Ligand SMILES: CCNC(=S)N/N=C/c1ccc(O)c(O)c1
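Heads up, the chain below is alone and in the form deposited without this ligand; it's given as structure tokens.
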């Protein structure tokens, strides 16, 4: 016969390249195991002349690739890279319009939760620990958000099409961020002080109102009053089961609204600027106040000490 070869590069992080000489009579799968080209699964495809010099993603199946993969992604989940490529093959087809100066996402594949989460990140002070999220988030800020969206889906174990919860998505992103400074001190009355650190310092479930949190809130044999003693964080995220709630200009940073039923609904994003903007993927509307089924509100913070 004839024995044709081309040079290609393999990678796990798209920075460190590994020279390979491949045989054009055999599948990528036969030579590398699972192989991807900008998200497309090429496992079962033979190399084409047009592939010469291109970078393919492979699985971290030896020690060089494992160390590179862990240093870049901070995960040893063996399905991670497959899940990332699968998502990226869809997210690179989404549109990321600039809406009121923020990178949003045009509705597709039930992605409203991601669009609100992405708009929220652009309004709060947060730095990611994995280089993969640092690099993708920098590009997402500049308007090329496909990698960042595909990484969020991979790190949160969501496939394209699956509706997620904004609070849970933010929770997972927060676990991969530098929130070590963050500290909350609470008191309860039936006294009992507690101290929360990192992610648990910036999140509360039960009330949307930061004001109401500082004054105190009823909770579980009769009732008890919980209130905010001290807060050290650049923001706080107040969450509750979706319920009609009134948002007013200048009283909050941003918020997520959830309409519809369990596992069949739609998020919109409200931002407080010169007035209230409702951002619904590519869609933009304004009002002086906003009433809706709110589930999350974000507030700016630095340092707070009670006067109780």
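Numbering follows the first chain given and starts at 1.
FYI, the form deposited with this ligand bound isn't displayed, but the following is about it.
Original post:
Heavy atoms within 4.5 Å of this ligand in the deposited complex: which of the stretches 228-236, 117-125, 78-86, 98-106 has them?
Top reply: Selected stretch: 78-86.
**OP:** Sort through 249, 51, 66, 46 and report the residue having a heavy atom within 4.5 Å of this ligand in the deposited complex.
**Re:** Selected residue: 66.
Original post:
Hey, in the deposited complex, is residue 60 touching this ligand, heavy atoms inside 4.5 Å?
Top reply: Contact with this ligand, yes.
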